[PDB]
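Only one structure is covered here, and it is reproduced in the block below.
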Amino acid sequence: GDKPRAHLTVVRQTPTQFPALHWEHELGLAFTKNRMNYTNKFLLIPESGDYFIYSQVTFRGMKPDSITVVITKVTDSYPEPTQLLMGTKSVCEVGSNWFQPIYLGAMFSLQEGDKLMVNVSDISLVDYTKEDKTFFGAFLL
Amino acid sequence: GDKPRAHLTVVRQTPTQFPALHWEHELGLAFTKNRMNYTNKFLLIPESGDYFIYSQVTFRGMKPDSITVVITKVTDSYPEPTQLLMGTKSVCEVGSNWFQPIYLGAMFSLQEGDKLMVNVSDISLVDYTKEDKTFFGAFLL
Amino acid sequence: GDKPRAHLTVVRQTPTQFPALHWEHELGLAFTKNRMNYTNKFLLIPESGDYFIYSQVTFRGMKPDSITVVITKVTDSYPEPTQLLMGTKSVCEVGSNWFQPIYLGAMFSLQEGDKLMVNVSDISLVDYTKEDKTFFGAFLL
Numbered sequence: 025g026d027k028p029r030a031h032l033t034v035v036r037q038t039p040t046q047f048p049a050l051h052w053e054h055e056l057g058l059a060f061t062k063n064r065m066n067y068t069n070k071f072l073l074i075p076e077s078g079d080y081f082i083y084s085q086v087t088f089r090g091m106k107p108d109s110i111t112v113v114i115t116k117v118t119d120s121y122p123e124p125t126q127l128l129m130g131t132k133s134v135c136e137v138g139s140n141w142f143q144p145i146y147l148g149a150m151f152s153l154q155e156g157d158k159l160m161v162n163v164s165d166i167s168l169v170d171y172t173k174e175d176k177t178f179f180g181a182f183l184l
Numbered sequence: 025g026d027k028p029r030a031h032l033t034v035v036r037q038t039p040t046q047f048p049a050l051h052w053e054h055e056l057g058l059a060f061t062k063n064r065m066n067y068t069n070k071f072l073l074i075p076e077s078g079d080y081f082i083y084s085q086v087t088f089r090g091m106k107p108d109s110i111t112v113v114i115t116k117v118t119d120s121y122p123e124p125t126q127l128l129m130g131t132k133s134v135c136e137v138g139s140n141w142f143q144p145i146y147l148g149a150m151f152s153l154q155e156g157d158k159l160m161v162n163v164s165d166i167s168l169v170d171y172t173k174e175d176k177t178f179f180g181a182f183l184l
Numbered sequence: 025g026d027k028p029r030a031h032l033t034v035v036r037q038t039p040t046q047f048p049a050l051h052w053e054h055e056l057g058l059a060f061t062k063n064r065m066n067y068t069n070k071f072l073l074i075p076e077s078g079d080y081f082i083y084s085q086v087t088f089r090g091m106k107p108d109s110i111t112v113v114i115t116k117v118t119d120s121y122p123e124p125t126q127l128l129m130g131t132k133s134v135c136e137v138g139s140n141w142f143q144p145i146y147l148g149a150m151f152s153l154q155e156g157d158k159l160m161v162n163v164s165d166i167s168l169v170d171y172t173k174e175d176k177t178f179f180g181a182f183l184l
């Protein structure tokens with residue numbers, strides 16, 4: 025039916046302690062629909078329910108011991124953000140022209156009013172060049 | 025509607046030839062609902078249908108040539124367990140303080156009575172510290 | 025209800046510039062149903078809607108700087124294929140008996156008539172030995 029859904033895709037990040050990524054939400058393959066609202070680097074949840082949520086962040090060098112992606116839920120009532128999913132990968136070679144994707148997806152019970160965001164260990168390692176490499180989405184099941 | 029669904033999260037494993050993991054099923058972000066039953070290290074399927082099933086296992090050193112996760116289906120009638128999904132990754136450096144996630148998810152037609160579990164090549168390499176790093180879930184589509 | 029769905033699993037590829050993989054569609058764990066049609070290395074979409082689409086390709090050595112999987116949409120009207128998802132991973136050791144999975148999944152709005160395929164940087168590195176290691180699926184949400 026009309027289930028809230030969104031697919032967001034990476035853009036060049038505007039420089040600003047795991048910083049949140051900000052996203053493309055309507056151009057190319059990105060979109061939000063059915064009351065799903067992308068606002069202020071958050072996906073804002075319109076309807077309480079169980080959602081499948083996912084993200085891939087491709088990292089590329091050009106030093107760090109590891110790279111990490113975390114998908115986080117912020118709730119109006121609760122002060123502290125809740126980590127939903129964490130992908131952390133220690134990084135192997137010196138140099139270098141390495142690259143690598145960290146993908147995560149799972150199902151969570153969310154409340155109307157919740158806000159989701161994706162944080163990374165190092166924004167300058169995020170590959171922003173292409174909407175098919177780094178993305179973030181969620182849909183009511 | 026009321027579709028069977030469960031998200032399970034890692035706990036410290038109680039020591040016991047690809048051993049099955051056992052899981053948190055109700056505390057923090059974990060849950061089972063709509064007839065989904067977590068029992069005896071299995072997710073037991075209440076209703077025949079097509080399910081999306083997924084798991085991430087984060088591994089960390091502190106030797107092994109590789110690390111492997113397998114999601115397996117046990118069926119009452121059939122004797123032999125069926126491997127649904129396998130993620131195997133050869134491991135790179137000596138030492139060491141490496142870590143790394145293996146994520147897998149896909150859709151399968153399951154029968155009422157089926158049991159799913161997650162096995163790993165080495166339980167002592169599984170990072171159990173955090174519910175957002177190692178998890179296992181399934182939902183009727 | 026009757027939502028188009030398919031899970032496809034790897035086979036040995038018949039030798040034929047990111048070549049498309051061809052798949053098992055009915056034996057073992059593979060299947061197509063509800064008007065989903067696997068034909069000519071494409072999954073052909075019967076009904077316009079939002080789909081979750083996913084693939085894992087396990088690569089194994091036995106040289107390449109990196110390995111890449113791309114899931115692509117071909118549309119009747121548009122000439123150029125659209126890359127939906129790309130997983131690219133630089134490969135680490137010399138030799139060698141390395142292996143490694145690249146997993147990708149996300150949601151896309153598709154039109155009736157669309158065709159999806161999976162391309163890889165090097166078909167000869169794809170591990171074809173087992174239906175649980177390399178697979179490709181899609182379901183209408």
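Residue numbers (the authors' numbering), protein chains in the order written: chain A, 25 to 40, 46 to 91, 106 to 184; chain A', 25 to 40, 46 to 91, 106 to 184; chain A'', 25 to 40, 46 to 91, 106 to 184. A prime marks a further copy of an entry chain.
Just so it is clear, CB atoms sit at the ideal spot from N, CA and C, and this is done for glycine as well.
At a C-beta separation below 8 Å, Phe-151 (chain A'') has these neighbours in chain A: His-31, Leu-58. 7 Å or more divides the Cβ of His-51 (chain A') from the Cβ of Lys-27 (chain A').
Within 8 Å of the CB of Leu-127 (chain A), the CB atoms of chain A' belong to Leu-58, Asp-175, in sequence order along the chain. The alpha-carbon of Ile-110 (chain A'') is positioned some 19 Å away from that of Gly-138 (chain A). Legend: CB atoms of the segment 114 to 148 of chain A lying less than 9 Å from CB atoms of chain A'' belong to residues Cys-135, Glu-136, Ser-139, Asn-140, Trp-141, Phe-142, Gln-143, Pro-144, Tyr-146, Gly-148.
By the 16-neighbour rule on beta-carbons within 10 angstroms, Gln-46 (chain A') is exposed.
Taking C-beta atoms as the reference points, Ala-30 (chain A'') and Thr-61 (chain A'') count as a pair closer than 7 Å. Annotation for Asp-157 (chain A'): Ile-74, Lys-116, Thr-118 place their beta carbon closer than 6 Å to its own, counting only its chain and skipping 5 residues before and after.
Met-91 (chain A') sits exposed, since fewer than 16 C-beta atoms from the chains shown fall within 10 Å of its C-beta. With fewer than 16 other beta carbons inside 10 angstroms of its own, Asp-108 (chain A) counts as exposed. Membership of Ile-110 (chain A') in the beta strand (DSSP E) is indicated by the continuous run 109 to 117.
Chain A' has no Cβ within less than 7 Å of the Cβ of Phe-47 (chain A''). The Cβ neighbour count for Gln-154 (chain A''), taken over all protein chains shown within 10 Å, is under 16; the residue is labelled exposed. Contact annotation: in the segment 154 to 174 of chain A', residues whose CB is within less than 8 Å of a CB in chain A are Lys-173. Only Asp-79, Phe-81 from the segment 59 to 82 of chain A bring a Cβ to less than 9 Å from some Cβ of chain A'. Just so you know, the alpha carbons of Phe-179 (chain A'') and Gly-180 (chain A') end up roughly 19 Å apart. At a cut-off of 7 Å between beta carbons, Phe-179 (chain A'') makes no contact with chain A'. Residue contact with chain A'' for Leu-184 (chain A'): present (Cβ-Cβ distance below 7 Å to some residue of chain A''). Taking a C-beta distance under 7 Å as the contact criterion, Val-169 (chain A) and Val-163 (chain A) qualify as a contact pair. Closest in alpha carbon position to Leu-56 (chain A), among A:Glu-174, A:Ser-167, A:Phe-182, is A:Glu-174. Under the DSSP definition of a beta bridge, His-31 (chain A'') partners with A'':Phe-60, A'':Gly-180. Where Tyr-80 (chain A') is concerned, the enclosing beta strand (DSSP E) starts and stops at 78 to 89. With a beta-carbon spacing of about 13 Å, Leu-184 (chain A) and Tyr-83 (chain A) fall beyond the 8 Å limit used to define contacts.
For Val-161 (chain A''), the enclosing beta strand (DSSP E) stretches over residues 158 to 163.
Closest in alpha carbon position to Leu-58 (chain A), among A'':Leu-159, A'':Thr-172, A'':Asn-140, A'':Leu-128, is A'':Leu-128. DSSP places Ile-166 (chain A'') within a helical segment (H, G or I) once states are collapsed to three. Within the model, the alpha-carbon separation for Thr-177 (chain A') versus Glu-123 (chain A') is close to 26 Å. With respect to the 7 Å criterion, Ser-133 (chain A) and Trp-141 (chain A') are classified as neighbours on the basis of their beta carbons.
Relative to the Cα of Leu-159 (chain A''), the nearest Cα in the group A'':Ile-166, A'':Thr-125, A'':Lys-106 belongs to A'':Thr-125.
In the DSSP annotation of this structure, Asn-69 (chain A) is not part of any beta strand (DSSP E), being labelled neither H nor E. A Cβ-Cβ separation of about 6 Å places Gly-148 (chain A'') in contact with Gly-148 (chain A) under the 8 Å criterion. When the Cα atoms are used, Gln-143 (chain A') and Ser-120 (chain A'') turn out to be separated by approximately 42 Å. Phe-182 (chain A) and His-54 (chain A) have their C-alpha atoms roughly 14 Å apart.
With 16 or more neighbouring CB atoms inside 10 Å of its own CB, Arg-89 (chain A'') falls in the buried class.
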